[PDB]
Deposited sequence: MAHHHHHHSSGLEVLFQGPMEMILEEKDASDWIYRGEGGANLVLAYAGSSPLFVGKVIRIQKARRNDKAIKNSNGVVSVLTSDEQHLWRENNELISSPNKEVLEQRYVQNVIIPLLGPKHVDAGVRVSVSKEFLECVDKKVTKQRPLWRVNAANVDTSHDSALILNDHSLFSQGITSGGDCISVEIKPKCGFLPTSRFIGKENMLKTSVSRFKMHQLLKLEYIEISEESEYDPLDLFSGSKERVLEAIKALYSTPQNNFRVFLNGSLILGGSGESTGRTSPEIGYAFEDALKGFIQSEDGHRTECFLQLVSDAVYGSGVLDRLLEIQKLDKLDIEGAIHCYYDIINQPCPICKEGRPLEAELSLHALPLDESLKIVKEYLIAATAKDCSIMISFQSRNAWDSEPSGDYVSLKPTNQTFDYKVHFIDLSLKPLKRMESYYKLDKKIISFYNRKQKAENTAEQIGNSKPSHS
């Protein structure tokens, strides 16, 4: 018998920063994979929240940096724990656990485990990975070194703890339905027949954020038709932008690193066809088409997109309707109106509409990771069998204040799209 230390919460210190390497980033978070040997962290990633360089901290009426605004505290009040969260990491944990998982189900979703971190750990991590980051990401934001916590997650690009290579695919599917809202005016009619994703591509192109419009159409992927699902995967492969990434054993072999990337050219195709050597048994020039059928069969077979789309549809009125409830919620005179129905609703209904809008925004912006290992898919072509797992990531809580930005962006997108279409 040997005396062990009592339980003690893990704290990442300056020295541990060298054990973590850049995996990627979205707008709000940086993600690092563990490169060490400690059993606590093998097969895990750490998720670190970023801070925009200009942003002023949220403070309550006593001037204390706080997690939620009073408005958000009221919007999310249905769950006592969630609105009590003492920091941003707990907030995200309880959001996923208490809001999303009751809607999406626990099989494909994990709220993550919190770990304490020193200011110096975050500063060194910030320093170490700068050279890996897209320069425009660096311009905009860095690690938030005021945080005392981060989130540990399972590394989905590894089908690990024996099984050989693991090819994982990340899909960022965006919004899969067209609005029917009565609050969309006749000048904005094209919103009821052309996906947000398609219209946004044109604006992204105008701002030189992409080199070409994507071939991907979310309506295909969310169609529930195996044949249209396959067409979406082929589209994502052709123009990955920031919607499609492939990893071999955790290393990126297709798609961008922390950003969108250009169309898959013949040469990128060759490298990727070579990268599938062994994983798929096929004669040179046919592995990738087998690979895309594999991905397609796993997306369609799992049906994870069905329940995700019902949550996206919690955006029932479109931002053009929901923006009016927003201004009622915070008791500000509506600048959109110059209405009834929406403004005559009881406060509780307005709150509900806005809360469901923000839940729907979470669902329109998350990603799916599907890892494969030789729940299984077998390809009718080459006669192989692959186990696979599916996992959601980036089911993040959106700030209530963003309703104003959502309305302004939406107005920008449809305005520009109309101008373009009117050029005949």
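- Comparing the deposited sequence with the modelled residues, the stretches lacking C-alpha coordinates are 1-12, 174-176, 354-360, 397-406, 457-470.
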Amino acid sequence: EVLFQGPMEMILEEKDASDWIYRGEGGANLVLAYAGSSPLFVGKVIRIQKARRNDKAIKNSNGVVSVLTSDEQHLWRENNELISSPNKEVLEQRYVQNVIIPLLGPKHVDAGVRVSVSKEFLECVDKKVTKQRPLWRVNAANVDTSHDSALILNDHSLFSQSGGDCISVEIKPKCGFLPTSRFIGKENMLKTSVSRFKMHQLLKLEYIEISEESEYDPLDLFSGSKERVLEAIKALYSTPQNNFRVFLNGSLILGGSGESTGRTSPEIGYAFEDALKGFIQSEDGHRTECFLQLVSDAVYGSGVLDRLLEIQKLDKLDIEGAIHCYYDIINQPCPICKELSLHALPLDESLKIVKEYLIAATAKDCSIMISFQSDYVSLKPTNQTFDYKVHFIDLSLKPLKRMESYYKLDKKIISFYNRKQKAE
From here on, numbers count along this sequence of modelled residues.
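Take the two forms, find the largest set of C-alpha atoms that superpose within 1.5 Å, and that set is the rigid core.
- Comparing 226-234 with 137-145 by root mean square Cα distance to the shown form in 4 other deposited structures of this protein, with the rigid core used for the fit, gives 137-145 as the more displaced stretch.
- Comparing 188-196 with 339-347 in 4 other deposited structures of this protein, after superposition on the rigid core, the stretch with the greater RMS C-alpha deviation is 339-347.
- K56, though modelled here, lacks coordinates in at least a third of the other entries of this protein that were compared and that model residues flanking it.
- Compared against other deposited entries of this protein, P333 counts as consistently modelled, with coordinates in all of those that resolve the residues around it and thus below the third mark.
- Averaged over Cα atoms, the B-factor as recorded in the entry is higher for 388-396 than for the other of 362-370 and 388-396.
- The mean Cα B-factor in the deposited entry runs higher for 339-347 than for the other of 175-183 and 339-347.
- Per the deposited coordinates, the residue with the largest Cα temperature factor out of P240, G250, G112, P102 is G250.
- Based on the entry's C-alpha B-factors, the most elevated value among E404, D410, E14, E25 belongs to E14.
- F41: CA B factor lies in the middle third for its chain, per the PDB record.
- For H108, the recorded CA B-factor ranks within the middle third of the chain. Only modelled residues enter the ranking.
- In this PDB entry, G321 carries a Cα temperature factor that places it within the lowest third of its chain's modelled residues.
- Among all modelled residues in this chain, the alpha-carbon of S61 has a temperature factor (C-alpha) in the middle third.
- For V31, the recorded CA B-factor ranks within the middle third of the chain. Only modelled residues enter the ranking.
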